[PDB]
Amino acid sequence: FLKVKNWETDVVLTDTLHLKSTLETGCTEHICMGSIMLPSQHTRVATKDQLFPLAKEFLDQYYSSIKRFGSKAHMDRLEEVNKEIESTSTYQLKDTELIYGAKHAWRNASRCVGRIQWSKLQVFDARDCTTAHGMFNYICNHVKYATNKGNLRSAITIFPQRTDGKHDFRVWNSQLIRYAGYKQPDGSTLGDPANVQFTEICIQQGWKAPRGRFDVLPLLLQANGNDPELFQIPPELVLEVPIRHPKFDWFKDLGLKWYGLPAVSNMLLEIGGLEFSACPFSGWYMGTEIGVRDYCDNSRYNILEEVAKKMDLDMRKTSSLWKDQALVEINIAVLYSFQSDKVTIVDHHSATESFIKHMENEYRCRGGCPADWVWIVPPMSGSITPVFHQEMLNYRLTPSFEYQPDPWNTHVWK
């Protein structure tokens, strides 16, 4: 029955939810790994013996959720899934169980600061898909729906679950919409340095690169274990925000833009012991993901250089904080630009207030809320936001989103 404190409001919450926790963290009584990026407990073959405990555990919380725990409908479904796991050594979720499962994987994502919206998620069942073309079609409808004219809406599309392991559905893009990255002759990088290897893989399978800055990458969709195929998202579906500043008329000359829809595509959805290796999900951007990390990480676009130049800043000395000063302007501009185009965006102050509010509700009507402080605190202005001052307990609950190896290091090619 552990306690967590906010050292800004002296507010205390009591966590009993962590008792239901199952998976492991990486920490021991003698070491803490709370700052390892992809621990071996966050990354993803299962057998029939292990499946029914996982399925029972999931069914028991789903039926306890619709206020019919242990009734006839529960007991028969428990038996029904038992039977099918004898027969096929696996099983299929009901539509209702897939929606519940998917929504609580988000709910349980301890590194997600936006979880106040977890119950307002739109679940697209693509488990009848058999071809890369079918996936491309499902994904396009996802983009259209979730974008909704800049009035962004949360959604997820779920392709068929892993079976044997060699008949796996995978999106090879880490995100549905990303900008290309090309190395140069002098070694420097055009576009996005993160994607330079993926941009090469696309050109290896036959992409024709418009070798520039903000070139939207094509999709690489692998269906039922087959070699993945390239498809270009119709440009009218890729909504983009040109970045301007409310003071500096040279900010337009900087010539930056960004896509509206953050849609993570490379991770694994786990529901009652079933593994969904392709489950792209989308919401809306918190400003700092673009303005701080995307734009200003050294190994990303790295624009602190030029923004400070045009501001005419004391750049000889490290302690003039010219880096800090150009970082705040970049985030004022990303925010402003999205908002003047009616495209949904949230500032790190509003989003962190909501998560504290959300934490309140979770400890009250659920007995806790797993939270990863290292990831919740925004990458700028940490301590002028309320999450910096909030103790958080991190633990792993299922249903969950998990990391998985990149397919090009696993795919038995041809």
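Note that residue numbering follows the sequence shown and begins at 1.
Note: missing coordinates for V45 occur in a third or more of the other compared entries bracketing this position. Coordinates are given for every residue of the deposited sequence from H389 through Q390, so that no gap is recorded there. Comparing 364-372 with 63-71, the stretch with the higher mean C-alpha B-factor in the PDB entry is 63-71.
Taking the mean C-alpha B-factor of each stretch as recorded, 165-173 and 306-314 are not equal, and the higher mean is that of 306-314.
Of the candidates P280, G101, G291, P185, it is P185 whose Cα B-factor is highest according to the PDB record. The residue among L78, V143, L93, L239 whose C-alpha carries the highest B-factor in the deposited model is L78. For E402, the recorded CA temperature factor ranks within the lowest third of the chain's modelled residues. The entry lists a Cα temperature factor for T22 that places it in the highest third of the chain's modelled residues.
In the deposited entry, the Cα temperature factor of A209 places it in the highest third of its chain's modelled residues. When the modelled residues of the chain are ordered by their C-alpha B factor, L254 lands in the highest third. Ranked by C-alpha B-factor against the other modelled residues of its chain, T28 falls in the middle third.
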